[PDB]
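Coordinates in review
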Amino acid sequence: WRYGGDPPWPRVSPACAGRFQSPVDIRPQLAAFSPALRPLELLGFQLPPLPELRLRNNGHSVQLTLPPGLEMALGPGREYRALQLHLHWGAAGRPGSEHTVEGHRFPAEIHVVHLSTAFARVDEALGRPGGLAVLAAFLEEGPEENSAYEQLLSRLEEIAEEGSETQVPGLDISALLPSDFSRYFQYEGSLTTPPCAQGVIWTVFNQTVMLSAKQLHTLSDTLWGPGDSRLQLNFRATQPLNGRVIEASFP
Ligand SMILES: Cc1ccc(-n2cc(-c3ccc(S(N)(=O)=O)s3)nn2)cc1
Ligand SMILES: [Zn+2]
């Protein structure tokens, strides 16, 4: 599969034609205030430098593989372990977030993909209710170099070629996300690439993460994908809610 053309994703995986897909357009006025949505809790995200982590250009994103021991809870008894994180972005003067807010597309987006502690492996969790959970935050331009992001972005030149990888020192993985874990939207949807399995709990933070202009340009201008193509605009079009109601943790 690829962004932009064939093969049609439903031929790759029938689940890509499900009724309840991601990403979606978030309309805050239509979101349901749900006070059971408590602040997200992360444990073990502050990593030592060794052992190193693998950072890979997989042709459709840059993905950092996360080690064992990163625990995340959506609430009491809703426990998960982090597997990996990756990014979605646009191109010179064009935004490339997956989720939108009232039609607004943000420059870029981070996804941190987690596996329910009830499952030993991802393949067993695919399509099961709440088997996977993704934390999603928008990346916007701020005035300062983001030092946590710089640790990844400074290494993209080493992995410019499709299918290449490098090792990076461990870092505070929570520093790639907003400091506000209280205010967010949450809904049930799908993986945004094949196999597009449903039952995924998506949490999209209110607060955004700030990268420099230079950093955003590095993200979108360094990596190459399938063929001789720049790896850019690597986002799926928004999918209709089709009757799902997005919940918000704040009125
Ligand atoms: C055997 C196996 C191993 C890994 C996967 N995984 C697929 C994925 C993902 C696809 C799309 C996303 S995303 N853009 O966050 O929704 S995460 N994450 N793990 C699926 C099957
Ligand atoms: Zn993603």
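Residues numbered from 1 in each chain as written, not as in the entry; some residues may be left out. Chains lettered and ligands numbered in written order. Heavy atoms only, no water. Residues with missing side-chain atoms left out of burial classes, pairs and counts.

What the deposited record gives as its method is X-ray crystallography, and the resolution it gives is 1.95 Å.

Our next topic: the coordination of the zinc ion (ligand 2). For the zinc ion (ligand 2), every protein donor is listed as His86 (NE2), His88 (NE2) and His111 (ND1), and the spread of their distances is 2.1 to 2.2 Å. Relative to the metal, the four donor atoms surrounding the zinc ion (ligand 2) lie at angles of 95 to 120 degrees, and the coordination shape comes out tetrahedral. The sequence pattern describing where the donors of the zinc ion (ligand 2) fall on their chain is H-x1-H-x22-H. A residue pair is termed long-range when its members are at least 10 positions apart, and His86 in strand β7 (residues 78–89) and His111 in strand β10 (residues 108–116) qualify at 25 residues. (Donors = N, O, S within 2.8 Å, 3.2 Å for Na, K, Ca; no water. Tetrahedral: all angles 85-135°; square planar, octahedral: opposite > 155°, others 65-115°. Helix = DSSP H or I, 4+ residues; strand = E, 2+ residues; numbered from the N terminus.)

Quick look at the packing of aromatic side chains now. Overall, the coordinates contain six aromatic pairs when judged by the stated rule. Between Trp1 and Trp9, the ring centres sit 5.2 Å apart and the planes meet at 80 degrees, which makes this aromatic pair edge-to-face. Residue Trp1 is classed as partly exposed on the basis of its relative accessible area, which comes to 31%. A ring pair is formed by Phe106 and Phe138, whose centres lie 3.8 Å apart and whose planes are at 15 degrees; its orientation type is stacked. (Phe/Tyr/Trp six-rings, centres within 6.5 Å; stacked < 30°, edge-to-face > 60°. Buried < 20%, exposed > 50% of the residue type's maximum accessible area, 1.4 Å probe, protein only.)

Bringing the environment of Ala197 into the picture now. Examined against the element boundaries, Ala197 turns out to sit in the loop between β13 (184–190) and β14 (198–205). When sequence neighbours within four positions are dropped, the list of residues in contact with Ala197 reads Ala15, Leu126, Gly127, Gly189, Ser190 and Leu191. (Contact = heavy atoms within 4.5 Å.)

Next up on the list: the pattern of salt bridges. Considering all chains together, one arrives at six salt bridges under this definition. Residues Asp123 and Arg121 are paired through a salt bridge, measuring 2.8 Å at the closest nitrogen-oxygen approach. By relative accessible area, which is 45% here, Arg121 ends up partly exposed. The salt bridge involving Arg155 is made with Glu158; its shortest N-O contact spans 2.8 Å. The exposure class assigned to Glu158 is partly exposed, which follows from its relative accessible area of 44%. Because the salt bridges share partners, they merge into one network encompassing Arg54, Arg56 and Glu165. (Salt bridge = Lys/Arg side-chain N within 4 Å of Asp/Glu carboxyl O.)

What follows concerns the state of the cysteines. A covalent bond between the sulfur atoms of two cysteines is what we call a disulfide. Across all of its chains, the model carries one disulfide by this definition. The disulfide partner of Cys16 is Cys196, and the gap between their sulfur atoms is 2.1 Å. Handedness of the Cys16-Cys196 disulfide follows from its S-S torsion of about 85 degrees: it is right-handed. Placement of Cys16 in the loop between α1 (9–12) and β1 (25–26) and of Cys196 in the loop between β13 and β14 is noted, with a sequence separation of 180 residues between them. (Disulfide = S-S within 2.5 Å.)

Lining the immediate environment of ligand 1, one finds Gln84, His86, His88, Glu98, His111, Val113, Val122, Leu126, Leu191, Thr192, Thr193 and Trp202. Within the side chain of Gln84, an N or O atom sits 3.4 Å from a nitrogen atom of ligand 1. One of the side-chain nitrogen or oxygen atoms of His111 is found 3.5 Å away from an oxygen atom of ligand 1. Within the complex, the protein chains bury 71% of what would otherwise be the 500 Å² of accessible surface of ligand 1. Among the secondary structure elements, those contributing two or more residues to the shell around ligand 1 are β7 and β10. (Near = heavy atom within 4 Å. Polar contact = N/O pair within 3.5 Å; in protein donor to acceptor, adjacent residues only side chain to side chain. Areas by Shrake-Rupley, 256 points an atom, 1.4 Å probe, with all protein chains shown as cover.)

This part covers the side chain of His114. Here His114 lies in strand β10. A distance of 3.0 Å separates a polar side-chain atom of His114 from the backbone oxygen of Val112. Contact partners of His114, with chain neighbours within four places excluded, come to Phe45, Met72, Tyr80, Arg81, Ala82, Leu83, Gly131, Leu132, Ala133 and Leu135.

Moving on to the nonpolar core. Grouped together as the largest cluster of nonpolar side chains are 45 residues, with contacts concentrated most on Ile110 and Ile173. Take this core: its biggest share by element is five residues, from β7. What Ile110 contacts, discounting residues up to four positions off in sequence, is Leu85, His86, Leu87, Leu135, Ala136, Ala137, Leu139, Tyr149, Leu176 and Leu177. Residues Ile26, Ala125, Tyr187 and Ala248 belong to the second largest nonpolar core, which totals 22 residues. (Core = buried A, V, L, I, M, F, W, Y, C linked by side-chain atoms within 4.5 Å.)

Trans peptide bonds make up most of the peptide bonds, and negative phi angles are found at most residues other than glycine. The omega torsion of the bond from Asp6 to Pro7 falls at 10 degrees, within 30 degrees of zero and hence cis. Along the chain, the position of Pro7 falls in the segment before α1. A positive phi angle is found at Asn242, which is not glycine, with a value near 55 degrees. Inspection of the secondary structure puts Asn242 in the loop between α4 (213–221) and β16 (247–248). Residue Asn242 is classed as partly exposed on the basis of its relative accessible area of 30%.

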